[PDB]
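Worksheet: one structure, shown below.
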Amino acid sequence: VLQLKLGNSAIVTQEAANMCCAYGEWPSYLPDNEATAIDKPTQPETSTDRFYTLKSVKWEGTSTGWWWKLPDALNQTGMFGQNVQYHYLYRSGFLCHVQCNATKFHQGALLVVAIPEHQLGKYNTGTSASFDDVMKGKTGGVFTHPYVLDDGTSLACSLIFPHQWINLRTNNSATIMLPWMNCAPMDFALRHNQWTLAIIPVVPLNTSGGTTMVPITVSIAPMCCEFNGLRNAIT
Amino acid sequence: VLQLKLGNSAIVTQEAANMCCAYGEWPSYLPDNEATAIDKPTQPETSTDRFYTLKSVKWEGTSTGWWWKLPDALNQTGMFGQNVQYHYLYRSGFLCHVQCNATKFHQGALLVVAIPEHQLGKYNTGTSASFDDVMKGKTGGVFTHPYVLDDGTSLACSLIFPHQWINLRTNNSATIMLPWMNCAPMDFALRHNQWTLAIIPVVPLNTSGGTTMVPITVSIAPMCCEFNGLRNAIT
Amino acid sequence: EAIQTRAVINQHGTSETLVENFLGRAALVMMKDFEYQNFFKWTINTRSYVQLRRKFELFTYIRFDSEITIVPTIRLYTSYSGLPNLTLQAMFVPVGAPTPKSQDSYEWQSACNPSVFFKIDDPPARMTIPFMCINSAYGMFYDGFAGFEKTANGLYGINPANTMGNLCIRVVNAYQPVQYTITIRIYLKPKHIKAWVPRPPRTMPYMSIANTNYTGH
Amino acid sequence: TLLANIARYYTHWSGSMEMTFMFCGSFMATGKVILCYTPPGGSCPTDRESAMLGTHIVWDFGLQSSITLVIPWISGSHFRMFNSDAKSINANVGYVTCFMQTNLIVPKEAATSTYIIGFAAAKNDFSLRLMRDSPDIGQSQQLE
């Protein structure tokens with residue numbers, strides 16, 4: 001049993017921390033040669049680099065799945081939320097951790113997939129999704145049609161995205177490290193999301209004499225937060 | 001004409017910045033050998049190291065004087081106020097700057113004296129000063145009997161304290177640098193003051209065809225702020 | 001109602017803001033119609049349209065060669081859609097030469113004024129006129145008078161050395177039985193631009209073409 | 001400013017900007033004013049306290065008549081949404097605001113009213129792109 005410690009936050013894991021780096025890239029920083037032409041960002045290596053543990057969700061036998069949009073999930077939580085609300089430019093990676101608590105008599109498989117630029121869609125309508133439909137904060141969303149990933153694609157081909165499998169008879173943890181995913185060096189946190197952490201129950205949770213409900217714990221830690229300077233001298 | 005720049009704040013002075021270091025000591029930090037036996041403090045070299053310019057006061061011909069108690073004057077102002085309200089232990093120096101705006105046809109002399117541990121007193125009563133009498137915030141206090149420094153001593157012998165003279169025909173600025181003045185390595189900002197910046201008009205302001213009122217500007221900058229660590233890992 | 005958006009503008013380099021690129025754009029300098037006076041005559045200048053004039057008035061002295069492309073179009077009247085493939089003659093007349101007065105004037109065979117013969121159904125005609133000014137550069141502004149005569153006193157700001165010449169375009173083909181209108185578009189692309197002494201931009205509406213007078217708004 | 005008039009001929013701009021203010025009062029006239037900088041996306045200060053709490057310089061114009069501010073970065077462009085007719089305008093990229101720290105003090109013989117003038121220019125890191133037509137005059141309808 002090892003621990004994942006980041007700043008003043010620590011998470012105890014079940015040694016299954018075989019981290020999956022998305023597209024084989026570690027989140028590092030804005031490169032020097034890409035920062036000369038744009039505004040100079042500082043590096044607040046403050047408490048922003050800690051795990052934020054959301055409220056546990058209930059996995060039932062009829063669950064369709066849950067998704068969280070980043071950085072929208074942390075936009076109103078802690079020092080990261082403060083820095084987001086006070087700075088107009090941001091750039092950070094993420095380290096999502098998913099854990100499950102179940103007995104040896106439970107069964108089920110979760111597909112923990114990190115979908116970049118997941119433009120959510122609707123069903124039998126022409127009007128686009130409203131603001132409340134997309135920006136769900138730390139509560140997160142719920143899939144309505146997980147078979148199509150709520151966007152008209154296929155969950156079967158979603159395996160091409162950075163993903164991890166949680167098979168209750170093999171492991172109960174997933175760890176996906178997400179680098180900066182954008183077409184611009186930095187971006188605006190308040191009205192644009194880079195990643196969407198989805199947890200789709202491909203195989204339903206089942207048992208005969210079990211609890212019929214197991215908790216799923218999601219912990220997200222911004223990795224290399226960088227914001228615009230708010231204290232450059234004007235002399 | 002030079003500038004006093006600290007962080008993102010700058011003050012334009014009249015070249016009279018002959019700084020007076022109190023007791024010939026620069027504010028440096030808590031020494032290493034004095035920090036092993038007590039709680040380990042971090043060094044928030046954040047915006048706390050900037051000049052805070054209080055509201056200008058009016059110097060009239062009947063003014064008795066003004067005093068500000070530190071760090072009480074900055075306990076509810078900016079990042080220093082935030083850090084004071086969130087940390088229970090503090091230790092910092094100060095750099096007080098006093099400026100005056102008057103014409104060549106004005107006259108008057110101000111004694112800018114930094115009194116350490118100025119225990120304020122009362123007049124013809126046995127009851128001690130109440131909380132509201134002492135903690136005046138950034139508004140500051142007003143001397144009632146400046147001849148006795150409001151404590152039964154003599155203003156004449158107050159020259160023994162770190163002081164500067166502002167003679168309107170010679171100069172209009174005073175700069176006193178105050179180190180850590182306490183019997184303990186660190187202290188509590190919310191209910192104890194280390195210095196009291198007093199501005200007593202020894203020679204009354206006078207003129208014949210002038211404005212009969214000149215502004216006095218006070219700018220105070222914490223110098224080497226150190227607070228207790230709020231993010232030490234517990235693993 | 002306007003959406004307040006923003007983007008992280010990432011760019012570098014200054015090659016686009018070069019003066020050779022600032023004024024080196026082929027702009028439409030004249031557009032005229034004539035129904036078969038009877039031919040196109042126009043003195044070349046860059047003050048015909050307000051946009052190009054405002055751009056050029058950002059400098060006091062400019063020296064450039066002129067590239068001219070002539071784009072003709074023909075529309076018929078009253079009955080098939082067969083546009084005749086007429087032959088056109090565009091002749092450049094310098095300042096020291098006379099200009100034609102009629103369609104069949106003698107100056108059309110000058111043999112010293114350059115001329116271009118081109119057809120309607122061909123690529124547009126194109127020729128380059130070099131820097132023909134008597135001075136080292138054109139004067140966008142002139143604070144003086146041509147001479148001392150009382151006639152010149154009414155010509156403030158007009159320097160005779162700044163004229164660029166005349167472009168005369170005619171239809172060599174005789175009068176066809178049908179009725180047609182010819183539209184001529186003249187495009188001018190300066191080359192080898194050199195500019196001196198930048199000036200404050202014009203901020204007020206123009207009141208005439210040759211005096212820099214101003215009025216309200 | 002010249003910077004604005006030239007940049008109106010281009011679409012995208014970025015870089016730093018220089019700014020200078022001059023006090024044109026009498027010799028003995030003295031006083032203090034506070035010049036504040038608000039970065040893009042921040043709230044414009046509403047009083048002297050907020051201005052002091054941000055990036056600022058306390059300017060004593062009695063001593064020196066000229067003060068120079070260096071703006072770190074400004075940026076902007078022109079936008080048009082894809083399938084919508086709604087107008088898109090670049091958001092604000094900050095403010096520079098002045099607040100009076102002390103009242104103006106003048107002698108009896110000097111004038112009781114003074115003035116401040118300002119100048120602005122770009123640094124050497126400024127850039128422009130995608131030259132367009134300036135709408136400064138316009139008024140053309142049919143390409144006369």
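First the proteins, then the strands, lettered A, B, ... as listed; each starts at 1.
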Whether the side chain of [X] engages the backbone of [Y] through a donor-acceptor N/O pair (distance < 3.5 Å, no angle test) should be reported.
X        : Y         : answer
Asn8(B)  : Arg231(A) : no
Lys69(B) : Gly137(B) : no
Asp72(B) : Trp68(B)  : no

If you look at every heavy atom in [X] and [Y], which pair is closest and at what distance?
X         : Y         : answer
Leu230(A) : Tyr86(A)  : CD1-O, 3.6 Å
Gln43(A)  : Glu226(A) : NE2-OE2, 3.7 Å
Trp73(D)  : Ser16(D)  : CE3-N, 4.3 Å

Salt bridge check, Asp133(B) against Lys122(B): does any charged N sit closer than 4.0 Å to a carboxylate O?
yes
Please say whether more than 12 non-hydrogen atoms of neighbouring residues, nucleotides or ligands are located less than 6.0 Å from [atom1] in [X].
X         : atom1 : result
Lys5(B)   : NZ    : yes
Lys138(A) : NZ    : no
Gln76(B)  : CD    : no

Sequence neighbours excluded, the answer for ring pair (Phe, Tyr, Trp, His ring centres under 6.0 Å) partners of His87(A) is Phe227(A)
Hey, are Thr102(D) and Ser56(B) close enough side-chain-wise for a donor-acceptor pair under 3.5 Å?
no
With rounding to the nearest 0.5 Å, note down the distance linking [atom1] in [X] to [atom2] in [Y].
X         : Y         : atom1 : atom2 : answer
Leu6(A)   : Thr48(A)  : CG    : OG1   : 10.5 Å
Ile115(B) : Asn193(B) : CD1   : CG    : 12.5 Å
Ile220(B) : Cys96(B)  : CD1   : SG    : 4.5 Å

Audit row: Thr13(A), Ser173(A), side chain to side chain donor-acceptor pair (under 3.5 Å) steps and yes/no:
CA-CA 8 Å; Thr13(A) 59; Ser173(A) 100; over 6 Å; no
Apply side chain to side chain donor-acceptor pair (under 3.5 Å) to residues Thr175(B) and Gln164(B) and explain how you reach the verdict.
CA-CA 7 Å; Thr175(B) 313; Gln164(B) 214 90 339; over 6 Å; no
Per ring-ring contact (aromatic ring centres under 6.0 Å, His included), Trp180(B) is matched among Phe94(B), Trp195(B), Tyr90(B) by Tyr90(B)
Scan the side chains in residues 20-42 of chain A for donor-acceptor partners under 3.5 Å anywhere in the protein, sequence neighbours excluded, and list what turns up.
unit_1, atom_1, unit_2, atom_2, d
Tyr29(A), OH, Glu45(A), OE2, 3.1
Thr36(A), OG1, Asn33(A), O, 3.4

Below 6.0 angstrom between ring centroids: does that apply to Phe99(D) and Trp59(D)?
no
When the side chains of residues 141-151 of chain B are checked against the rest of the protein, which donor-acceptor pairs come out under 3.5 Å, sequence neighbours left out?
unit_1, atom_1, unit_2, atom_2, d
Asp150(B), OD1, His145(B), N, 3.0
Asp150(B), OD2, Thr144(B), N, 3.3
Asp151(B), OD1, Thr153(B), N, 2.9
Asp151(B), OD1, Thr153(B), OG1, 2.4

